[PDB]
Amino acid sequence: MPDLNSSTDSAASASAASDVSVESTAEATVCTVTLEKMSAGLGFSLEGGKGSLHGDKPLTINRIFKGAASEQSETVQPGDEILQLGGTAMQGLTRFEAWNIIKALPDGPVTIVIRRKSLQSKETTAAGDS
């Protein structure tokens, strides 16, 4: 298998990347950051509500603790819809099961990915606007 599949029914995933168009909606922004797994839960806990493949359980940070996120500004956010942690993806995980894979992660840089959409957002790069 050198390149994608070919010489057959034209059916090869293409999609694009790098460049993005179509501005977001309702003001949506993502904040990929790394936490430190050492306080037994990155000092943060996720709350939300699993569903049944028919609704949507956007786990979110509810109880953040003080004792981390000090190596690069605040790497945490309250009520943020974090989709995946340094090792757990909420979208394919229940609330408890989700916060469980993290706790079971190793002791290092836990990568968080949060997309805050809708009002309640103040970080549109205001440190130097033309």
# chains A, B, ... in the order shown; residues from 1 in each chain; ligands from 1
call {"tool": "residues_around", "arguments": {"residues": "residue 113 of chain A", "least_positions_apart": "5", "cutoff": "7 Å", "atoms": "only C-alpha atoms", "output": "VMD selection string"}}
result
chain A and resid 30 to 33 82 to 85
call {"tool": "select_by_dssp", "arguments": {"residues": "chain A", "states": "helix (DSSP H, G or I)", "output": "list in words"}}
result
residues 90, 91, 92, 95, 96, 97, 98, 99, 100, 101, 102 and 103 of chain A
call {"tool": "residues_around", "arguments": {"residues": "residue 107 of chain A", "least_positions_apart": "2", "cutoff": "7 Å", "atoms": "only C-alpha atoms", "output": "PyMOL selection string"}}
result
chain A and resi 36-38+105
call {"tool": "atom_distance", "arguments": {"atom1": "atom CA of residue 45 of chain A", "atom2": "atom CA of residue 27 of chain A"}}
result
25.3 Å
call {"tool": "atom_distance", "arguments": {"atom1": "atom CA of residue 23 of chain A", "atom2": "atom CA of residue 114 of chain A"}}
result
17.8 Å
call {"tool": "select_by_dssp", "arguments": {"residues": "segment 54-122 of chain A", "states": "strand (DSSP E or B)", "output": "number ranges by chain"}}
result
A: 60-64, 82-84, 89, 109-117
call {"tool": "residues_around", "arguments": {"residues": "residue 102 of chain A", "least_positions_apart": "5", "cutoff": "9 Å", "atoms": "only C-alpha atoms", "output": "list in words"}}
result
residues 37, 40, 41, 42, 85, 86, 87, 88 and 110 of chain A
call {"tool": "write_last_selection", "arguments": {"atoms": "N, CA and C atoms", "output": "PDB file, in the first residue's frame"}}
result
ATOM      1  N   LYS A  37      -0.747  15.946  34.457  1.00  0.00           N
ATOM      2  CA  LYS A  37      -1.402  14.858  35.255  1.00  0.00           C
ATOM      3  C   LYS A  37      -0.520  14.514  36.459  1.00  0.00           C
ATOM      4  N   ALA A  40      -3.720  13.807  40.493  1.00  0.00           N
ATOM      5  CA  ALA A  40      -4.785  12.763  40.438  1.00  0.00           C
ATOM      6  C   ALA A  40      -6.063  13.346  39.821  1.00  0.00           C
ATOM      7  N   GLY A  41      -5.972  13.922  38.649  1.00  0.00           N
ATOM      8  CA  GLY A  41      -7.191  14.498  38.005  1.00  0.00           C
ATOM      9  C   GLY A  41      -6.874  15.889  37.444  1.00  0.00           C
ATOM     10  N   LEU A  42      -5.645  16.119  37.062  1.00  0.00           N
ATOM     11  CA  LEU A  42      -5.252  17.452  36.504  1.00  0.00           C
ATOM     12  C   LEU A  42      -5.933  18.572  37.285  1.00  0.00           C
ATOM     13  N   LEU A  85      -9.607  14.728  26.370  1.00  0.00           N
ATOM     14  CA  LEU A  85      -8.531  15.134  27.324  1.00  0.00           C
ATOM     15  C   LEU A  85      -7.191  14.606  26.811  1.00  0.00           C
ATOM     16  N   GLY A  86      -6.172  14.604  27.626  1.00  0.00           N
ATOM     17  CA  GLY A  86      -4.874  14.076  27.153  1.00  0.00           C
ATOM     18  C   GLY A  86      -5.041  12.592  26.809  1.00  0.00           C
ATOM     19  N   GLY A  87      -6.153  11.989  27.175  1.00  0.00           N
ATOM     20  CA  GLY A  87      -6.334  10.533  26.849  1.00  0.00           C
ATOM     21  C   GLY A  87      -7.798  10.082  27.013  1.00  0.00           C
ATOM     22  N   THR A  88      -8.768  10.928  26.755  1.00  0.00           N
ATOM     23  CA  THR A  88     -10.186  10.471  26.857  1.00  0.00           C
ATOM     24  C   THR A  88     -11.031  11.362  25.957  1.00  0.00           C
ATOM     25  N   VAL A 110      -1.057  16.541  29.928  1.00  0.00           N
ATOM     26  CA  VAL A 110      -2.364  16.036  29.442  1.00  0.00           C
ATOM     27  C   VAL A 110      -2.896  17.053  28.445  1.00  0.00           C
TER      28      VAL A 110
END
call {"tool": "residues_around", "arguments": {"residues": "residue 59 of chain A", "least_positions_apart": "4", "cutoff": "8 Å", "atoms": "only C-alpha atoms", "output": "PyMOL selection string"}}
result
chain A and resi 46-50+81-83+90-91+95
call {"tool": "residues_around", "arguments": {"residues": "residue 51 of chain A", "least_positions_apart": "5", "cutoff": "8 Å", "atoms": "only C-alpha atoms", "output": "PyMOL selection string"}}
result
chain A and resi 56-57+94
call {"tool": "residues_around", "arguments": {"residues": "segment 120-130 of chain A", "least_positions_apart": "2", "cutoff": "9 Å", "atoms": "only C-alpha atoms", "output": "list in words"}}
result
residues 27, 28, 29, 116, 117 and 118 of chain A
